[PDB]
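In: Sequence, then the experimental structure. Questions to follow.
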2 protein chains.
Amino acid sequence: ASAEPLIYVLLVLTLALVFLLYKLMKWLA
Amino acid sequence: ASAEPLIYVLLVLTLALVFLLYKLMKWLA
């Protein structure tokens, strides 16, 4: 057991937020 | 009611993930 898998987890959760930002930008444009 | 407050929400949730990345980097260094 290590913290190494959290590299993946934090990558994909941050990508989720970025994707939400993209959609919010479109909805506000 | 609008989507505008989600600008703040997405900003601070993404910042939370960035802060986690900082700590993970330190713990793995």
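Out: Good, I have the coordinates. Numbers count the residues shown, from 1 in each chain, chains lettered A, B, ... in the order given.
In: For the helix or strand that contains residue A:9, which helices and strands make contact with it?
Out: Residue A:9 belongs to helix A:6-28 when assigned by DSSP states H and E. Packing partners of helix A:6-28 (3 or more C-beta pairs under 8 Å, 6 or more residues apart in numbering or on different chains; DSSP states H and E): helix B:6-28. All C-beta spots, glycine's among them, are computed from the backbone N, C-alpha and C.
In: Flag every buried residue along the helix it packs on.
Out: B:6, B:10, B:13-14, B:17, B:21, B:24 (16 or more other C-beta atoms under 10 Å in any protein chain shown).
In: neighbouring contacts of it?
Out: Applying C-beta atoms under 8 Å, 6 or more residues apart in numbering or on different chains, the external contacts of helix B:6-28 come out as A:3-4, A:6-7, A:10, A:13-14, A:17-18, A:20-21, A:24, A:28.
In: biggest separation within those, which pair?
Out: Put simply, by C-beta to C-beta the two of the contacts of helix B:6-28 set farthest apart are A:4 and A:28, 37.5 Å from each other.
In: Just give me how far the helix holding residue A:9 sits from the chain centre.
Out: Averaging C-alpha positions (C-alpha atoms, centre = their mean, to the nearest Å) puts helix A:6-28 3 Å from its chain's average.
In: quick one: it to helix B:6-28, angle?
Out: If you take axes from the mean of the first three to the mean of the last three C-alpha atoms, to 10 degrees, helix A:6-28 sits at 170 degrees to helix B:6-28.
In: Pull out the CA atoms of helix A:6-28 and give them to me as CSV.
Out: The C-alpha coordinates for helix A:6-28 follow below in CSV (Å, rounded to 0.1, in the frame of the first residue of the first chain):
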residue,chain,number,x,y,z
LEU,A,6,-3.3,9.0,-5.8
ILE,A,7,-1.2,10.4,-8.7
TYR,A,8,-3.8,8.9,-11.0
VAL,A,9,-6.7,9.9,-8.8
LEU,A,10,-5.7,13.6,-8.5
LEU,A,11,-4.9,13.7,-12.3
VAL,A,12,-8.4,12.5,-13.3
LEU,A,13,-10.3,14.5,-10.6
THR,A,14,-8.5,17.7,-11.7
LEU,A,15,-9.3,16.8,-15.4
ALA,A,16,-13.0,16.5,-14.3
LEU,A,17,-12.9,20.0,-12.9
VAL,A,18,-11.2,21.3,-16.1
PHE,A,19,-13.9,19.7,-18.2
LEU,A,20,-16.6,21.4,-16.0
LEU,A,21,-14.8,24.7,-16.5
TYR,A,22,-14.9,24.2,-20.3
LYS,A,23,-18.7,23.6,-20.2
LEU,A,24,-19.3,26.5,-17.8
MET,A,25,-17.4,28.8,-20.1
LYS,A,26,-19.5,27.7,-23.0
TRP,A,27,-22.8,28.2,-21.0
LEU,A,28,-21.7,31.7,-20.0
